[PDB]
Amino acid sequence: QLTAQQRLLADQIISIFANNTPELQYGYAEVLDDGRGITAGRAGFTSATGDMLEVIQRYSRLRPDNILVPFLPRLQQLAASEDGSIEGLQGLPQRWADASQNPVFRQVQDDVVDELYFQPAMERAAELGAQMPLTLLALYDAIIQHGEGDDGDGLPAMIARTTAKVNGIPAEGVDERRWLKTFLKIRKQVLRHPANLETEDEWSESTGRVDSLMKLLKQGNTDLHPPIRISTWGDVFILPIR
Ligand SMILES: N[C@@H]1[C@@H](O)[C@H](O[C@@H]2O[C@H](CO)[C@@H](O[C@@H]3O[C@H](CO)[C@@H](O)[C@H](O)[C@H]3N)[C@H](O)[C@H]2N)[C@@H](CO)O[C@H]1O
């Protein structure tokens, strides 16, 4: 689906979207007051949503005695109810940062990203018949921020509403640029007006990333060819960085 240069490009763009830097933030760990508890890692794994749990569980099967093991009971409870409480995760941010110095922990983050976000987003693209690299990037960025749940803010509902609006999918002959433009506008509307009010401030301030994908679409860079200029947060980045 994506070239090696296109995937590194996608990762550096989404990294800029989320953290204003093309360097993947494996060691990032923060409370954002968005209802999700602690948000951590290169894809923003989260205490409330179960993806932070999967990372630590998989890592603990590779390395039973790690500094993150004591949080497994609590994370288990938090994931089971989608709870945003950060008790008692005291010390978890620092331990996540330290664990991220181990390439094997970073590798687990890569595997989870691939399993939860990249491969499902590419499977969605294939079902849609989507073939422009820009559409793949837009689906991949959206799956990371919105998730693949069944809520009206999730990627699957956004795709469904895009297809309803334009009367079909690209594999059915709807021009893919039209489908993509509709998807980006629907995505910006969801970020501005989410059904989950706890993420409203967080998501509302993140709409420049949809603007950046729209800018690439309007400039005809649907194939993600270099150089790519991203300046979502004011700072200008030319990608790929070498
Ligand atoms: N990092 C979060 C992101 O986790 C979150 O959303 C969640 O994403 C999950 C992974 O896509 C997802 O779960 C899956 O749900 C499908 C339902 O079809 C199950 O079949 C899979 O087995 C699940 N793994 C969650 O439902 C989804 N909410 C996102 C927004 O809440 O926040 C990101 O920052």
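If you read the sequence from its start, that first residue is 1, and numbering goes on from there. Atoms within each ligand, like the ligands themselves, are counted from 1 in listed order.
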Inset, instruction - Report yes if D151 has an N/O atom closer than 3.5 Å to an N/O atom of ligand 1; otherwise report no. - result: no
Legend entry - Protein residue, atom and distance nearest to atom 4 (O) of ligand 1, heavy-atom basis: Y117 OH, 3.1 Å
Inset, instruction - Using non-hydrogen atoms of the residue, decide whether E82 is closer than 4.0 angstrom to ligand 1. - result: no
Legend entry - Aromatic ring proximity, centroids under 6.0 angstrom, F118 and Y140: yes
Legend entry - Nearest non-hydrogen protein atom, atom 1 (N) of ligand 1: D51 OD2, 2.8 Å
Inset, instruction - Verify the contact flag for atom 6 (O) of ligand 1, where contact means a protein heavy atom under 4.0 Å away. - result: yes
Inset, instruction - Go through ligand 1 atom by atom and flag the ones less than 4.0 Å from a non-hydrogen atom of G149. - result: 26 (O), 27 (C)
Inset, instruction - Give a yes/no verdict on whether any heavy atom in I143 is under 4.0 Å from an atom of ligand 1. - result: no
Inset, instruction - Check ligand 1 against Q145 and write out every atom of the ligand that is under 4.0 Å from a heavy-atom position of the residue. - result: 29 (C), 30 (C), 32 (O), 33 (C)
Legend entry - Heavy atom of protein inside 4.0 Å of atom 32 (O) of ligand 1, strictly below: yes
Legend entry - CE-CG distance between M214 and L184, expressed to the nearest 0.5 angstrom: 4.5 Å
Inset, instruction - Run the numbers on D211 and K215 for salt bridge (charged side-chain N to carboxylate O under 4.0 Å, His left out), then give the verdict. - result: CA-CA 6 Å; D211 296 332; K215 181 198 83 168; over 6 Å; no
Inset, instruction - List in chain and number order the residues that pass ring-ring contact (aromatic ring centres under 6.0 Å, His included) with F45, two or more places apart in sequence or in another chain; answer none if no residue qualifies. - result: none
Legend entry - Residues forming a side chain to side chain donor-acceptor pair (under 3.5 Å) with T199, sequence neighbours excluded: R36, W203
Inset, instruction - State the CD1-CG distance between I144 and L155, to the nearest 0.5 angstrom. - result: 11.0 Å
Inset, instruction - Give the residue, atom name and distance (to 0.1 Å) of the protein heavy atom nearest atom 2 (C) of ligand 1. - result: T49 OG1, 3.7 Å
Legend entry - Atoms of ligand 1, numbered as shown, that sit under 4.0 Å from any heavy atom of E148: 8 (O), 11 (O), 16 (C), 17 (C), 18 (O)
Legend entry - Under-4.0 Å heavy-atom contact between protein and atom 17 (C) of ligand 1: yes
Inset, instruction - Please could you name the atoms of ligand 1 that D150 approaches to less than 4.0 Å, counting only its heavy atoms? - result: 17 (C), 18 (O)
Legend entry - Closer than 4.0 Å: a protein non-hydrogen atom to atom 22 (O) of ligand 1: no
Inset, instruction - Quick one: look up the protein heavy atom nearest atom 24 (N) of ligand 1 and list residue, atom name and how far away it is. - result: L116 CD2, 4.3 Å
Legend entry - Approximate separation, where rounding is to 0.5 Å, of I230 CD1 and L239 CG: 6.0 Å
Inset, instruction - Taking the side chain as every heavy atom from C-beta outward, state whether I56 and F71 have any atom pair closer than 4.5 Å. - result: no
Inset, instruction - Answer yes or no: is there an ion pair linking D11 with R7, defined by an N-O contact shorter than 4.0 Å? - result: yes
Legend entry - Distance flag, aromatic centroids of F105 and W96, threshold under 6.0 Å: yes
Legend entry - Per-atom contacts, ligand 1 versus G44 - under 4.0 Å to a heavy atom: 1 (N), 34 (O)
